[PDB]
Amino acid sequence: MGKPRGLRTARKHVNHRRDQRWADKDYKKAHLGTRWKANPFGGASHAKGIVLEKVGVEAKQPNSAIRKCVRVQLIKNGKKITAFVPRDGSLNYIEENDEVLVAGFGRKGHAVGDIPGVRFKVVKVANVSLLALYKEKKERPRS
Amino acid sequence: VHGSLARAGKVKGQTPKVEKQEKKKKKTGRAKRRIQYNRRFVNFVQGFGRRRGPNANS
Amino acid sequence: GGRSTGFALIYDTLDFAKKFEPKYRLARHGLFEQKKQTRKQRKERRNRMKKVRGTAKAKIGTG
Amino acid sequence: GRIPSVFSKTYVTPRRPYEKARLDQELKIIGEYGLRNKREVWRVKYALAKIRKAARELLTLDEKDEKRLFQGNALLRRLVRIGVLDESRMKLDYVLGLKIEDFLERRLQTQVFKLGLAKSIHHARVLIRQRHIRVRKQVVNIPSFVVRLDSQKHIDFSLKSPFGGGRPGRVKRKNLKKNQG
RNA sequence: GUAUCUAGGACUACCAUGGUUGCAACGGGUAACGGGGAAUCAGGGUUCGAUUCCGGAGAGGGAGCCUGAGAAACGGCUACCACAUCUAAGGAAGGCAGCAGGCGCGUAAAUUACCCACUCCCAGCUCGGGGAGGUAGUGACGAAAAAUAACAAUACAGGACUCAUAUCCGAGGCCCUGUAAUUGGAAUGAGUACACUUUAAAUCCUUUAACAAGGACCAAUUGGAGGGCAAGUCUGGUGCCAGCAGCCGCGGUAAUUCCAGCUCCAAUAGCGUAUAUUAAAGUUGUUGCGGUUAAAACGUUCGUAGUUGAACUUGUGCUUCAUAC
């Protein structure tokens, strides 16, 4: 059944695995490496960007809300992003077309919750660390 | 759709905002591990409560 | 306290000690402290020495 | 470099962070030995494994083997000098019966409390911080000194310590001045 | 044969038609310097190695070459290209992937400090030189050690305890335990600073005279409390809204998830978040997967490569001692 079970078949055993790790869906970001092709930043971790709009992405069914996201154009490459700003409020902390450090969204490439197809998350807007703004633990830059 | 974002941060605007102001600045590392012994042993002698939970309020 | 180890170098005579005598390490009981530089400006006078030949007596006015 | 600050990372975090009985065991150590943080207990627990993974490996060598002795009993030289194994159960099979608590019972935080110098399960534990403990010449600030069994008898007090009686306050001696002045 | 330090198609001359590959030649890709090694599990392994040591290359680009024992050198020169400077306009000069810097780029990287005292290198040299090397400032990349109280009666109740009396019950209760901005006793070092020491010099640590805690003080945080998964069916607000949420799900007007408050939990000078990677993964499987129906046996057979191929060809006897008994 199956394997080349000889003792002088380690050529077939390595050329088989070499040809059949392509069907390991997650080891096709070692092989074909589409990171520099399909990721919005060229394989990095974070990204500085410049906000272009305020997109009210509505929630997917069977949850009704409106997620209040933000459409970023970066400065790294001139890709486009629809990022996301969490924890209610803090669209009031945007002060539009002022720069943003967006980040990955923790499901490694997919949208997470009821957000349809939005893959990112604001972590710093105008360099003041948004988690230190719901408490207003640091001062918002206003003037 | 994007019908309105004009209700962003709504329930924070409907919050009464009472305060903390007190509560007795607590013991840190080693002494904090001292203080987590009375809250187990004797209170709570594992008496029969007929399938209940220990850190309950009511 | 009660333990403080160290080194001790009993020479024979001071003038025979006046041969070996690590001077920067002698300098604690050095009676012989000379020629302050202090090693950052001596380069700058050396580099200007390279641009005058033969006499090298014009860099009194350069600091 | 070069060789920059060569690792030996202790502090083994466990696999699953909230296994309820694993959590109900740690405070059954902290009351026994007045330890501060929990990764102190993972510090000593990691020390047992490098013993055992050395210990259990020797039992896969077919006695007589050269490796099973000059590394074998040399482990057992340490485990009796540390004051943990007895002399009857000297052999390599019995070293695997060492619970975590047996290393903890040679901590200075218990070897000053099992001696009468301390009278409390935490006054021991802070006495070593404030330097009133001598080991044969040397005062020791660190309570994780773990005591070898040869140096058991020399746990006594510092001479410059207020116990037994050198500059006994000295803040209390200033408190012996602020009352009269 | 020429050239080279030298072999050599290294090159020229004639002559031969050879070489190479399914055991992957040749071309392509590389977010490729190679190794020592690093990460991570029980094994088997995947992943990483620009980076201190070794070997190699390069000094904006390509090319060229002098001096030399040694350089196709760039803190040598020569062109050209690019970039750029001082120019009185004729000319002249540029090379930080050395150190410390400055601009840029970006999510992402320190001070234009000190010293040759160390390690060693160098010259004519014991002495000179050496931002090599060393010191220092910066520095939660990292790794180690460990400060946030300790003790005491009353205390305020639980509990044994002696005992009344017992489905009750109290007192002699008490080793205990907590609560006590009750009371104390206060035990000490972060501070603190003479002077020391350390050092090239100076600092840091260690010693240190003086100075240093009733907390309000010398005052830990960061994440969470539906499940996974440790820990409130606590109160108020909001009512499919705001939000939460990795996954499964909560909110559609009594929210165990939302905004809070009280509480509570987990680690703790540490913790959250992202991407990456590894283990979980017997979900890449040689050890070790699966293929009737869940994904998966070519329509059939033939067949080179390859893989894999039955049996048989000096084996115990026989006697002894060394040798277990």
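Rule-based calculations on the coordinates, nothing more; no lab input. When we count neighbours, we look across all protein chains shown, and the Cβ atoms used for this are built from the backbone with ideal geometry, even at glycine.
Here are the numbers for this structure:
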quantity: Condition met for A:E58 (within 12 Å of chain B (Cβ to nearest Cβ) and either of a type outside the set (S, T, Y) or under 18 Å from the mean Cα position of the chain (by Cα) (or both)); calculated: yes
quantity: Residue in the stretch D:24-34 that is within 30 Å of B:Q36 (Cβ to Cβ), within 12 Å of RNA strand E (Cβ to nearest atom), of a type in the set (G, A, S) and surrounded by 14 or more Cβ atoms within 10 Å (Cβ to Cβ) present; calculated: yes
quantity: Failed item in (1) more than 8 Å from RNA strand E (Cβ to nearest atom); (2) more than 14 Å from chain B (Cβ to nearest Cβ); (3) in a helix (DSSP H, G or I), with D:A124 passing the rest; calculated: (2)
quantity: The stretch D:41-68 - residue that is β-branched (V, I, T) and in contact (Cβ under 8 Å) with a residue 12 or more places away in the chain and, of those, farthest from RNA strand E (Cβ to nearest atom); calculated: D:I51
quantity: Number of positions in the stretch D:30-43 that are among the hydrophobic types (A, V, I, L, M, F, W, C) and more than 10 Å from chain B (Cβ to nearest Cβ); calculated: 2
quantity: Residue, nearest to the other protein chains (Cβ to nearest Cβ), within the stretch B:29-44, restricted to residues that are more than 18 Å from the chain's Cα centre (by Cα) and polar (S, T, N, Q); calculated: B:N38
quantity: Residue count for the stretch D:1-15, restricted to those that are within 6 Å of RNA strand E (Cβ to nearest atom) and either within 14 Å of chain B (Cβ to nearest Cβ) or not small (G, A, S) (or both); calculated: 6
quantity: Single unsatisfied condition, D:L27 versus (1) more than 14 Å from chain B (Cβ to nearest Cβ); (2) under 22 Å from D:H122 (Cβ atoms); calculated: (1)
quantity: Residue satisfying all of: in the stretch A:61-88; within 8 Å of RNA strand E (Cβ to nearest atom) and of a type in the set (S, T, N, Q); nearest to the other protein chains (Cβ to nearest Cβ) among these; calculated: A:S64
quantity: Every residue from the stretch B:2-58 that is assigned to a loop (DSSP other than H, G, I, E, B) and β-branched (V, I, T); calculated: B:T15, B:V18, B:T28, B:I35, B:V42, B:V45
quantity: Single residue of D:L96, D:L104, D:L127 found to be surrounded by 14 or more Cβ atoms within 10 Å (Cβ to Cβ), without any contact (Cβ under 8 Å) to a residue 60 or more places away in the chain and closer than 30 Å to D:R39 by Cβ; calculated: D:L127
quantity: Residue among A:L101, A:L91 that alone is near RNA strand E (Cβ under 10 Å from one of its atoms), part of a loop (DSSP other than H, G, I, E, B) and either touching a residue at least 24 places away in the same chain (Cβ under 8 Å) or within 14 Å of chain B (Cβ to nearest Cβ) (or both); calculated: A:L91
quantity: Within the stretch A:114-129, considering residues that are more than 10 Å from RNA strand E (Cβ to nearest atom) and outside any loop (DSSP other than H, G, I, E, B), the one farthest from the chain's Cα centre (by Cα); calculated: A:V125
quantity: Enumeration of residues in the stretch A:60-77 that are out of contact with any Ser or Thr (no Cβ under 9 Å at 6 or more places or on another chain) and under 12 Å from B:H2 (Cβ atoms); calculated: A:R67
quantity: Sole residue being touching a residue at least 60 places away in the same chain (Cβ under 8 Å), over 30 Å from D:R167 (Cβ atoms), out of contact with any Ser or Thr (no Cβ under 7 Å at 6 or more places or on another chain) and assigned to a loop (DSSP other than H, G, I, E, B), chosen from D:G83, D:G34; calculated: D:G83
quantity: Candidate set from the stretch D:130-139 (those that are more than 14 Å from chain C (Cβ to nearest Cβ) and touching a residue at least 24 places away in the same chain (Cβ under 8 Å)); member that is farthest from RNA strand E (Cβ to nearest atom); calculated: D:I133
quantity: Test result for A:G42, near RNA strand E (Cβ under 8 Å from one of its atoms), out of contact with any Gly (no Cβ under 7 Å at 6 or more places or on another chain) and part of a loop (DSSP other than H, G, I, E, B); calculated: yes
